[PDB]
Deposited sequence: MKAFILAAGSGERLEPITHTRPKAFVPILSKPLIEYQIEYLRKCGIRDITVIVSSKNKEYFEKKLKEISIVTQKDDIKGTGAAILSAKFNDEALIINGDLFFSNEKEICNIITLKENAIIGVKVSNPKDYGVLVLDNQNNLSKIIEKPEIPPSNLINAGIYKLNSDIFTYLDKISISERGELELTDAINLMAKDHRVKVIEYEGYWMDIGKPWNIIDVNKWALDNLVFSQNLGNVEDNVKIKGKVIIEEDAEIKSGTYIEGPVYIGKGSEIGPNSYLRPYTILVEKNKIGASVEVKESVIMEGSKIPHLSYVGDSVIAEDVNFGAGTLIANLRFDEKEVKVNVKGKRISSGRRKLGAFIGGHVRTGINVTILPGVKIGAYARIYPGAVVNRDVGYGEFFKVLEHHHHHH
């Protein structure tokens, strides 16, 4: 079976993380999203895997990925136009994290066309599956204002080469787009499209807080207590902690699991790591530094007198002493974030900041809830960051 990972979006909704990396390389603990997808495909015996990517990202993917074909897109309909297969293929959206491979292993043994459905609490935001009374696909309704069902399109398809025929027929939509689901809808009129319901953990990494979501799940479900580092005396560890090689934890550090401490990290003295602290790799967490429910990416340093809660901090970031993130509004309502120029609810009462790569903060910087700081920004000592900060912006 050939497999195609569709990873050709701009990743705009995931800014500022995607200022410096494609969505497919967002870390989940110590490894990129796309390595999970590949690994799970391979458990099903699939060997021939291709990723479809944008022109601008091709080189990044080639650097990172060894024995995987990388093809540039020449929407999801547009992406599969660059998929070269004769009979049938497995197609997965590249923004998905999924815990289970067996549904995929099943669907690649079917002769018929098939898709995966999953139940979500917000079907409004997705393609909703309407089933006929043999429980095969009737149609996919993109983002219905009144959703007839909880069952959505999971973004996992086993499609026959007949899909190209249906792709050629499509013009549409009212939202000014081609799609992939439009072609499936035409296919379902003439063919029986099976729907396999998916019961495991499923998340699309659409918005920056979803990085926290999947990292928490991974930490809860995919790893187990380990210590390959050096823990000094007077370190207190409760619950599940993963300590990778070369990580150093100094006296007075206090850890309430679950916590992930990546390779080469340097912690303490007198640090406090709270549940769902994910330190991806080579992180510096220093004295009187407290971290909670945050993803802190490769090489980033929080050396002195700082609190990082409910945040995503990208790679190579440095926080001057006394940089603080606010994670709660005064009125305790859900924290709003600007995502592609729309102000939307994160769904979280507690939410900190999203900080791009190579950011530097001066000493005594104050960051407000839900704020995005673009890659390469500088925040000047003492500043109150009360809005989004642009790529490379020097905030004074």
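> Which parts of the deposited sequence lack C-alpha coordinates?
Since the structure holds only modelled residues, the stretches it omits are 75 to 78, 401 to 409.
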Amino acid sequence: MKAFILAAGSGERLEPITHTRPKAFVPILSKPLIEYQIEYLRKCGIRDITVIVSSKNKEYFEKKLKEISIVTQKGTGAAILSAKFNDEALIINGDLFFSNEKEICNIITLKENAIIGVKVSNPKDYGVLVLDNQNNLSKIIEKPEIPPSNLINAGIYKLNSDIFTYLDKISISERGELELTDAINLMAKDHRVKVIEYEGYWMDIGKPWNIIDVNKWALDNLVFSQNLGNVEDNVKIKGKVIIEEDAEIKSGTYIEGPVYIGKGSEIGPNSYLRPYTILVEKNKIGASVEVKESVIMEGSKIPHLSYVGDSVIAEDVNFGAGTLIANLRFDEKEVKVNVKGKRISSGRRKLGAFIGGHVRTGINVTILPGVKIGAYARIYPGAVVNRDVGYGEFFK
From here on, numbers count along this sequence of modelled residues.
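> Can you let me know which of the two, 102 to 110 or 144 to 152, has the higher average C-alpha B-factor in the entry?
Taking the mean B-factor of the alpha carbons in each, 144 to 152 is higher.
> Which is higher in the entry, the mean Cα B factor of 225 to 233 or that of 174 to 182?
Higher mean C-alpha B-factor: 174 to 182.
> Can you tell me which of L279, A83, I243, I196 has the highest Cα temperature factor in the record?
By C-alpha B-factor in the record, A83 ranks first.
> Please work out which residue in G206, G127, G257, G320 has the highest C-alpha B-factor recorded for this crystal structure.
Of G206, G127, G257, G320, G127 has the highest C-alpha B-factor.
> Among the modelled residues of its chain, does the C-alpha B-factor of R348 lie in the lowest, middle or highest third?
For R348, the deposited C-alpha B-factor lands in the middle third.
> Using the B-factor values recorded in the entry, state whether the Cα atom of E248 falls in the lowest, middle or highest third among the modelled residues of its chain.
Middle third - that is where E248 ends up once the chain's C-alpha B-factors are sorted.
> Among the modelled residues of its chain, does the C-alpha B-factor of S54 lie in the lowest, middle or highest third?
It belongs to the highest third of the chain when residues are ordered by C-alpha B-factor.
> Against its chain's modelled residues, does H191's Cα B factor rank lowest, middle or highest third?
As the PDB entry reports it, the C-alpha B-factor of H191 lands in the highest third of its chain.
> Which third of the chain holds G9 when residues are ordered by C-alpha B factor: lowest, middle or highest?
For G9, the deposited C-alpha B-factor lands in the highest third.
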